[PDB]
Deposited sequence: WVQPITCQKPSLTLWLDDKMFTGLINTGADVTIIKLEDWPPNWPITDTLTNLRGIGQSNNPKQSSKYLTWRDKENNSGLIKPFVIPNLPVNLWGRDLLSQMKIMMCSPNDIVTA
């Protein structure tokens, strides 16, 4: 597949374990972030002091999650989980496993 970069938010929909998430392609970040309101409450988290040059105390998934796209490509990511965030943010941890290129005409 192919997606132009425009002033529109560049978005991707995929599954993490059984659940569907939509988020913004975020090439500026090496890690993925899930909005806490979208986090399934039974999924375990670990508090961290990881400095995200966002917040410096994010929660993180305890477990690796299996990501899957609509073409059934898959792999593992371990996202941070942050409140007060308007959109999920797909970072280069995930984008690198989907073999995404940036291309110019």
Would you mind checking the deposited sequence against the model and listing the stretches with no C-alpha coordinates? 54 to 56, 109 to 114
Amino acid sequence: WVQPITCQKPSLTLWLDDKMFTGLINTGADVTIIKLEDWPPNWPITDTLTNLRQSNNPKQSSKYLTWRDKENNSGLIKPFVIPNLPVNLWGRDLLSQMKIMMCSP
From here on, numbers count along this sequence of modelled residues.
Output the stretch having the higher mean C-alpha B factor in the entry; the candidates are 44 to 52 and 67 to 75. 44 to 52
For the C-alpha atoms alone, is the average B factor greater in 78 to 86 or in 6 to 14, going by the entry? 6 to 14
CA B-factor placement of residue 62, once the chain's modelled residues are sorted into thirds: lowest
